[PDB]
Number of protein chains: 2
Amino acid sequence: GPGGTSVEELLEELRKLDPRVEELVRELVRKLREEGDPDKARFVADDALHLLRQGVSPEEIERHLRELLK
Amino acid sequence: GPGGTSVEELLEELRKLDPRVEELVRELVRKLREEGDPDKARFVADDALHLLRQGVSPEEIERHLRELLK
Ligand SMILES: [Zn+2]
Ligand SMILES: [Zn+2]
Ligand SMILES: [Zn+2]
Ligand SMILES: [Zn+2]
């Protein structure tokens, strides 16, 4: 459905905290949209923002996101 | 795909921290599985666990999860 949190807003907030995490998440978002799941893309970006706000390293963020994508 | 983080493990961890949040998440998980998106259910449970570990109130958790479900 339309509406809800903006994936672009989430990506924006990631960029302000760590562009390295924004870059890895933007790539996952692009692939997930191509597989036809924008909501999954939004969950991934939202999750990365929670973890980055708590000081999780980019590599640990990526590992965590991959497990939710299996 | 099979594998990845267990939704039951997440629900278990929610219950240990606040059974009120486990209960509201279990209901969302049941509905999301019925709509044929178990991965969405798992994202919701994982998100609730991050927020509950940070001290977010059950009502604020529910509001946040709903916005990701729009
Ligand atoms: Zn929607
Ligand atoms: Zn969230
Ligand atoms: Zn899977
Ligand atoms: Zn997570």
Side-chain angles (χ1 to χ4, degrees):
Chain A
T5 306
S6 167
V7 71
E8 284 300 323
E9 175 49 44
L10 294 168
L11 288 168
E12 195 24 54
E13 294 300 319
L14 291 170
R15 193 169 38 80
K16 289 198 289 173
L17 289 170
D18 194 340
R20 295 168 195 196
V21 175
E22 189 252 18
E23 170 184 71
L24 81 92
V25 168
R26 188 174 288 279
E27 191 46 38
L28 283 176
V29 164
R30 186 193 64 81
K31 155 199 145 123
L32 287 165
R33 291 161 146 171
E34 290 192 273
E35 304 175 355
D37 204 336
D39 277 357
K40 190 168 278 194
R42 176 166 63 184
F43 275 117
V44 167
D46 178 75
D47 214 52
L49 184 51
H50 295 314
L51 293 193
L52 180 55
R53 285 183 168 158
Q54 305 168 296
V56 180
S57 69
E59 326 72 52
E60 184 52 52
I61 293 177
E62 180 172 15
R63 295 173 199 187
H64 178 73
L65 297 175
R66 292 280 174 183
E67 293 299 308
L68 299 167
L69 292 175
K70 295 207 199 313
Chain B
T5 306
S6 167
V7 71
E8 284 300 323
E9 175 49 44
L10 294 168
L11 288 168
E12 195 24 54
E13 294 300 319
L14 291 170
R15 193 169 38 80
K16 289 198 289 173
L17 289 170
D18 194 340
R20 295 168 195 196
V21 175
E22 189 252 18
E23 170 184 71
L24 81 92
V25 168
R26 188 174 288 279
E27 191 46 38
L28 283 176
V29 164
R30 186 193 64 81
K31 155 199 145 123
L32 287 165
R33 291 161 146 171
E34 290 192 273
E35 304 175 355
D37 204 336
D39 277 357
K40 190 168 278 194
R42 176 166 63 184
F43 275 117
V44 167
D46 178 75
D47 214 52
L49 184 51
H50 295 314
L51 293 193
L52 180 55
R53 285 183 168 158
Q54 305 168 296
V56 180
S57 69
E59 326 72 52
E60 184 52 52
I61 293 177
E62 180 172 15
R63 295 173 199 187
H64 178 73
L65 297 175
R66 292 280 174 183
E67 293 299 308
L68 299 167
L69 292 175
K70 295 207 199 313

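Just follow the structure's listing: the first ligand is 1, and inside any ligand the first atom is 1. Chain A is the first sequence line, chain B the second, and so forth, proteins listed ahead of strands; every chain is numbered from 1. Values below: all heavy atoms of this structure, side chains included; hydrogens, waters and symmetry mates excluded.
- Between the side chains of A:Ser57 and A:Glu59, at least one donor N or O lies within less than 3.5 Å of an accepting N or O.
- Contact annotation: the side chain of A:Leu28 approaches that of A:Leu69 to within less than 4.5 Å [non-hydrogen atoms, C-beta and beyond].
- With sequence neighbours excluded, the residues satisfying side-chain contact (heavy atoms from CB on, under 4.5 Å) with B:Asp37 are B:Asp39, B:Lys40.
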Dump the intermediate steps for salt bridge (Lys or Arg N to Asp or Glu O under 4.0 Å) on B:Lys31 and B:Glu34, then the final yes or no. CA-CA 5 Å; B:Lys31 155 199 145 123; B:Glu34 290 192 273; over 6 Å; no
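- Applying the ring-ring contact (aromatic ring centres under 6.0 Å, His included) test to every pair with at least one member in residues 4-56 of chain A, sequence neighbours left out, gives these pairs: A:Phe43-B:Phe43, A:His50-B:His64.
- Taking CG of B:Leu10 as the reference point, atom CZ of B:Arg15 lies at 13.0 Å (rounded to 0.5 Å).
- Excluding water, every protein N/O/S atom under 2.8 Å from the Zn ion (ligand 1) is given here by residue and atom: A:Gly1 N, A:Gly1 O, B:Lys70 O.
- For the Zn ion (ligand 2), protein N, O or S atoms closer than 2.8 Å were enumerated as A:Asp46 OD2, A:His50 NE2, B:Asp47 OD1, B:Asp47 OD2, B:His64 NE2, with waters left out.
- Heavy atoms of other residues, nucleotides or ligands lying less than 6.0 angstrom from CD of A:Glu23 number 12 at most.
- Of the possible donor and acceptor atoms, none in the side chain of A:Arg26 sits under 3.5 Å from a partner among the backbone N and O of A:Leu11.
- Note that CG of B:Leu65 is 9.5 Å distant from CD of B:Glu60, once rounded to the nearest 0.5 Å.
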